[PDB]
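Single chain ahead, by itself, as structure tokens, in the form deposited in one PDB entry.
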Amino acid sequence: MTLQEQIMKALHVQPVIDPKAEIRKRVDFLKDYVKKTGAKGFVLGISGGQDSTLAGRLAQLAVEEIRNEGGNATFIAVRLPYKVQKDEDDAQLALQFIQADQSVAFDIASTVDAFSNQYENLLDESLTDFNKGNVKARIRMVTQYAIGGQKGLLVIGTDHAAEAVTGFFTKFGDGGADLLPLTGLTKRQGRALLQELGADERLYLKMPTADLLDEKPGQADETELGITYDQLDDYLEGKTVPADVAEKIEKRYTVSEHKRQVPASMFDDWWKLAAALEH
């Protein structure tokens, strides 16, 4: 059980998939969970990026099916830009593909800026571009839980294998959610579900980006990772990759275990077994 193999199991990566069937199980998952909770439906932030675009469509399929089955459900797609979003066009295009029951825009700037003006003031230092970026992510979570709490909806998270392995998300930010329909899928697999669902090619060929920085907006995930998604997917799918690559992915993975676990207490082992951990 090599480390790479241990990661594949833990992240529920299926080395080979039938897109149609995957879409089936994932849409089935949203329905079964929402049914167990008695929630009125779902809420998800659509960024124009591949993952939310895909999670979004799976959500609309779920609620429509819940309706045809004789139930009451709804999906609200929510645009959460900071001021004018660089790729607003792309988000709109994703919205055109999703066909959400409802769609609404909530600029988070007033909230974020209120917080950072307050921080700099009272703490006599300004938030670095990075930390400020994490504020944006977290405020996006607050917004989705606000709408969800008011309308009785579950918050869909877009975490998948490609982001989980490198722990590429903000703790309690986009990482905080109730339901994860993309769990286990590699980046290229996610694209394969979009193709099967007939998504405009522009929607899955777009450059993955968290777009949080004020000075490097739209920054390529890969540019921050130092690892391309071809590699990550290769690794996750069980293929072989340059020892150079494997090792980097494996260290990023082990140092981010805290992001894939609930808060550590003295009764947990994962942090004890761990060589190190970086926050």
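Here the rigid core means the biggest group of C-alpha atoms that line up within 1.5 Å when the two forms are laid on top of each other. Just count from 1 along the sequence shown to find any residue number.
Below, we turn to the form deposited in another entry, even though it does not appear here.
The one residue among 74, 170, 143, 103 whose Cα position changes by 2 Å or more between the shown form and the other one, with the core held fixed by superposition, is 170. After superposition on the rigid core, the Cα atom of residue 65 is displaced by less than 2 Å between the shown form and the other one. Here residue 94 does not count as shifted, since its C-alpha moves by less than 2 Å between the shown form and the other one after the core is aligned. Core-superposed comparison between the shown form and the other one: the Cα of residue 249 travels 2 Å or more.
In the other entry, the CA atoms of residue 174 and residue 47 sit farther apart than in the displayed form, by at least 3 angstroms. Distance between the C-alpha atoms of residue 174 and residue 74: longer in the other entry than here (change of 3 Å or more).
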